[PDB]
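for now just these chains, pulled out of the complex without moving them:
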Amino acid sequence: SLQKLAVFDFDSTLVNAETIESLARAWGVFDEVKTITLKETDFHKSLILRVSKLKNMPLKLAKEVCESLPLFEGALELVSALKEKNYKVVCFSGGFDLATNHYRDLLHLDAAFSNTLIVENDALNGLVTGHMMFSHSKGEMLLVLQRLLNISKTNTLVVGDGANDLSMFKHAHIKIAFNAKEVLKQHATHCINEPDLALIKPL
């Protein structure tokens, strides 16, 4: 019945929060992490530097913070509506799977691809590696999935909010800029300026 692919960004798309930040202030280093943005932004260095600010953070805490992010309204509703229309629903995140694994199960996403916060003796050791370590990581994984599930660009829908989602926007027919930054809105097929994911259903 026609197989389709839907990919969601995580931070500020599914959850009305930025994982690395909620993590930062939970450990009391938000004011430092907030300023770590190296640059035409270097996503890789910025990310690994912020993560290091988390050295020694106990895992139970990090896991608690990551599994408690607030979702945007319509989240579940949107995802169920997509699945009932033969959509494979996936989530891409420059964030971490402590977060993405939880929401993948909660929203019944078919898959989630993010990075891992390396743990040593029950605490974060400040290191990170994974699927989304570079700024063009989403576009790449999208091509991977399309070739894997054998779904075309024409049958792909993408939803994100930041500059980082551009690499994903390139290989999609439907591009939704959800409460997005100027750069992303300007390449979108549709813009949603209201904090409710259900608004996307009419699509």
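Right, received. Where do you want to start? Residues are numbered from 1 along each chain as shown, chains lettered A, B, ... in the order given.

list the buried ones in the longest helix seen in chain A?
Secondary structure of chain A per DSSP state H: the longest helix is helix A:137-149. Going by neighbour count (16 or more other C-beta atoms under 10 Å), the buried part of helix A:137-149 is A:137, A:138, A:139, A:141, A:142, A:145, A:146. Yep, even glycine has a C-beta here, placed from its N, CA and C like the rest.

mind picking the two most distant members of the residues you listed?
Distances among these were taken as C-beta to C-beta; the most separated pair is A:137 and A:146, at 15.0 Å.

the longest helix of chain A - contacts with which helices or strands?
strand A:4-9, strand A:87-96, strand A:156-160, helix A:166-169 (3 or more C-beta pairs under 8 Å, 6 or more residues apart in numbering; DSSP states H and E).

partner strands of the third one, parallel or antiparallel?
In other words, strand A:156-160. strand A:4-9 (parallel), strand A:174-178 (parallel) (DSSP bridges).

need those strands in a markdown table with mean neighbour count and distance to residue A:22, can you?
A markdown table is the format used below for the strands paired with strand A:156-160 (neighbours: other C-beta atoms under 10 Å; distance: least, C-beta to C-beta, whole Å):
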| stretch | mean neighbour count | distance to residue A:22 |
| --- | --- | --- |
| strand A:4-9 | 25 | 16 |
| strand A:174-178 | 24 | 19 |
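
nearest to residue A:151, of these?
strand A:4-9 (4.4 Å).

now the closest one against helix A:137-149, angle please.
160 degrees (axes from the mean of the first three to the mean of the last three C-alpha atoms, to 10 degrees).

quick check: chain neighbours aside, which residue is closest to residue A:155?
residue A:4 (4.7 Å; C-beta to C-beta, 6 or more residues apart in numbering).

measure that neighbour to residue A:49 for me?
Distance from residue A:4 to residue A:49, counting by C-beta to C-beta, to the nearest Å: 38 Å.

what's the answer for residue A:137, then?
Taken as C-beta to C-beta, the span from residue A:137 to residue A:49 is 17 Å.

give the contact list for the closest residue to residue A:132 other than its chain neighbours.
The shortest distance from residue A:132 to any non-neighbouring residue, by C-beta to C-beta, 6+ apart, is to residue A:94 (4.7 Å). Listed by C-beta atoms under 8 Å, 6 or more residues apart in numbering, the contact set of residue A:94 reads A:11, A:43, A:47, A:114, A:115, A:132, A:137, A:164.

another chain to add, chain B:
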Amino acid sequence: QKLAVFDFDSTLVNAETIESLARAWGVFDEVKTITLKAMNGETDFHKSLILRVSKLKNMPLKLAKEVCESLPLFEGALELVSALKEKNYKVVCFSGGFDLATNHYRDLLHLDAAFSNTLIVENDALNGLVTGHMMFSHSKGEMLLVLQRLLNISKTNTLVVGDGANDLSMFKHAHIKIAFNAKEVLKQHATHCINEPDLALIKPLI
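Let me add chain B to what's already shown:
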């Protein structure tokens, strides 16, 4: 709808990605020492990988790609892929190695996918750093799980082929576990062993 997953180093290609590069760059003994120890409980897979890659610093990317695209396939390679696809098998490759190589073979054998690690590049030369998907010895297993859930394919319909201990992770979630000219440790949890450097020998099992 079935799933067939292949290990890369010493399973699809009769070579070990990391050392071919090490020697091609002249840091073979250093890497060799480290490859050992790792196989002999001294250091975990993760630190090994990171340490062995640092020995590749400054290596031209073009030369690195060239070496990675020159690895000798195992005889019967294309045969099996072709055979598997007829039996409605989604052919995928897992590697604790690098996509610079697995991406080439992925495209050559037209595999549906290939999941590896990445060699960071700075000013057209290897950085000495690596990051990615398969950086831990339990990585392959965890990825197989993600795959099974994504495609909605059961373990019963999963066929795995590997040669090393690192492959025990994806063995634990497979019905058909194949040890291709493997180490005894993998042979132990195996379901079929192939002690012949010929990959078409798996066809009778598919």
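
now that chain B has been added, could you go back to the buried residues of helix A:137-149?
A:137, A:138, A:139, A:140, A:141, A:142, A:144, A:145, A:146, A:147, A:148, A:149 (16 or more other C-beta atoms under 10 Å in any protein chain shown).

am I right that residue A:171 sits in a helix?
No. Counting by DSSP: H, G, I helix; E, B strand; the rest coil, one finds residue A:171 to be coil, located in no helix.

give the burial count for it, as a bare number.
Residue A:171 has 20 neighbours, counted by other C-beta atoms under 10 Å in any protein chain shown.

same check on residue A:81?
Neighbourhood size, residue A:81 [other C-beta under 10 Å]: 17.

sec struct for it, please.
Judged by three-state DSSP, the three-state class of residue A:81 is helix.

what's around the closest residue to it other than its chain neighbours, how many residues?
Closest residue to residue A:81 apart from its sequence neighbours, by C-beta to C-beta, 6 or more residues apart in numbering or on different chains: residue A:201 at 5.2 Å. Using other C-beta under 10 Å, residue A:201 is surrounded by 12 other residues.

and what of residue A:28?
What residue A:28 shows, counting by other C-beta under 10 Å, is a neighbour count of 10.

where does chain A come near chain B, residue by residue?
Applying C-beta under 8 Å from any C-beta of the partner chain, we find that chain A lies next to chain B at A:88, A:90, A:110-111, A:113, A:129-131, A:133, A:144, A:147-150.

pull the most distant pair out of those residues.
Based on C-beta to C-beta, the longest span within the residues of chain A next to chain B runs between A:129 and A:150 and measures 28.7 Å.

the two: which has the busier surroundings?
residue A:129 (22 against 12).

that's a strand at the more buried one, yeah?
Yes. Under three-state DSSP, residue A:129 sits within a strand.

tell me how chain A divides into domains.
A:1-14+A:72-203, A:15-71 (curated CATH domains).

first-to-last residue distance for the last one?
Just to be clear, that refers to domain A:15-71. One end of domain A:15-71 sits 4 Å from the other (C-alpha to C-alpha, to the nearest Å).

cool, the first one as well?
One end of domain A:1-14+A:72-203 to the other measures 18 Å (C-alpha to C-alpha).

starting at the chain centroid, how far to that domain?
5 Å (C-alpha atoms, centre = their mean, to the nearest Å).

residue A:156: how many residues sit nearby?
For residue A:156, the neighbour count with other C-beta under 10 Å is 23.

residues touching the residue lying closest to residue A:197 once chain neighbours are set aside, list them.
Excluding its sequence neighbours, the residue lying closest to residue A:197 (C-beta to C-beta, 6+ apart) is residue A:74, at 3.6 Å. Neighbour list for residue A:74: A:196, A:197, A:198, A:199, A:200, A:201 [criterion: C-beta atoms under 8 Å, 6 or more residues apart in numbering or on different chains].
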